[PDB]
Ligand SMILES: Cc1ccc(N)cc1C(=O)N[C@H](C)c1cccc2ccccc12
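Form deposited without the named molecule, single chain, as structure tokens, below.
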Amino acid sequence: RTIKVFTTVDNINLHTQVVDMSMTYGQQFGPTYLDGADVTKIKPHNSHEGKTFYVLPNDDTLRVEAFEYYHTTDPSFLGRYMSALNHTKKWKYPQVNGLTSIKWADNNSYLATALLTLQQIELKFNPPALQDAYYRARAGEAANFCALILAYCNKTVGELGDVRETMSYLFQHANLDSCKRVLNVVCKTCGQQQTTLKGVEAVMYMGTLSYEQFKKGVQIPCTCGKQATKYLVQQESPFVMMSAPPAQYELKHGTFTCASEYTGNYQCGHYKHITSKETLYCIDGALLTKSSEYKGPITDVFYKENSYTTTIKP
């Protein structure tokens, strides 16, 4: 028996195939997937006629196609992305206040808060798989985007996650080289140290939530033994992510783009997303509340930026 099916590694370039129906998909193709479901232990059915299957890049041509779409060499990427897709395709992606969210499942609260932020900051991905699925996620079809995020972060479904850490991985696949940050560490004895950062390191900071206070200056204990002052000199970026360990923080309307709230501790933590619109909106998975004032345990705050110049003399 024979049916005709298609094989692909990017869902773009399809390949016509003849399949012996007395064998399994793994026997003729190797590890094979149909929209996430592993069908390696499965033999062709008549219902599969004309359907498209993911495989692993066995030949070079599939490897050439796979690198262009995903920008990775990691041959495990397809199985991990397919394994993630098999779950994320079943998640619910409601529109909450005009943004694509995720109904909570499999400890995806950090994914929901990240996805919500990605929709409110200016950003473009370099791998086509990411940018294609990023576009579809903004349209409401976020299953493939979320599965790709897990594959690029080497995370699995159900595993707990950090939003700041998740952005870190994704910023490596965006085009942020144009971003530039300059910092002056002024230490009363060590001196006035300057650093220039390019790329992902130029938009992220771990220490405080306030961007104006980051412009004014923050003390950091120096490697000598005393205290040292830390402030921003030049910021050239579309946005800035300011992170701090979860602590009670007052979110003031119109002073930020969006923020990450983290309540709980250890294995009992949970993320909520706060965004600034005409008033303050709290998106918690598929749930939505609104208020004029907000105070909570914030761990990330995003701000808009273009070009900043400090008023501090070197």
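Shifts are known only where both forms have a C-alpha. Residue numbers here begin at 1 and follow the sequence given. Whichever C-alpha set is largest while still superposing within 1.5 Å between the two forms counts as the rigid core.
- Comparing the deposited coordinates for 246-254 and 49-57, the stretch with the larger average C-alpha B-factor is 49-57.
- Looking at mean Cα B-factors across 75-83 and 151-159, the upper value is held by 75-83.
- Remark: of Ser22, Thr299, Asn306, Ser291, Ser22 shows the highest value [criterion: C-alpha B-factor in the PDB entry].
- When the C-alpha B-factors of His270, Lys277, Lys43, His273 are ranked from the entry, the top spot goes to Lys43.
- Sort the chain's modelled residues by C-alpha temperature factor and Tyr231 lands in the highest third, per the entry.
- Remark: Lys92 belongs to the lowest third of its chain, ranked by C-alpha B-factor as recorded.
- Ranked by Cα temperature factor within the chain, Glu165 sits in the middle third according to the deposited record.
- Among the modelled residues of its chain, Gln28 has a C-alpha B-factor that falls in the highest third according to the deposited record.
- Annotation for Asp177: CA B-factor lies in the highest third of the chain's modelled residues.
The same protein also has a form deposited with the named molecule bound, omitted here; what follows describes it.
- Shown alone, this chain has one stretch from 94-102, 232-240, 153-161, 137-145 that lies within 4.5 Å of the named molecule in the entry with it bound by heavy atoms: 153-161.
- The closest non-hydrogen atom of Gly36 lies beyond 4.5 Å of the named molecule in the entry with it bound.
- The named molecule is not shown here, but in the entry with it bound it comes within 4.5 Å of a heavy atom of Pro245.
- Although the partner is absent here, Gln267 is a contact residue: one of its heavy atoms lies within 4.5 angstroms of the named molecule in the entry with it bound.
- Here the marked residues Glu212, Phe214 and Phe302 all miss the named molecule in the entry with it bound; none has a heavy atom within 4.5 angstroms.
- Following superposition on the rigid core between this form and the one not shown, the residue from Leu183, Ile121, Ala174, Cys222 with a C-alpha displacement of 2 angstroms or more is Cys222, and no other.
- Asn46 shows a C-alpha shift below 2 Å between this form and the one not shown [criterion: core-superposed Cα displacement of 2 Å].
- Fitting the two forms on the rigid core leaves the C-alpha of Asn265 displaced by under 2 angstroms between this form and the one not shown.
- Shifted stretches between this form and the one not shown, defined as 3+ consecutive common residues each with a CA displacement of 2 angstroms or more after rigid core fitting, are listed in sequence order as 221-226, 266-268.
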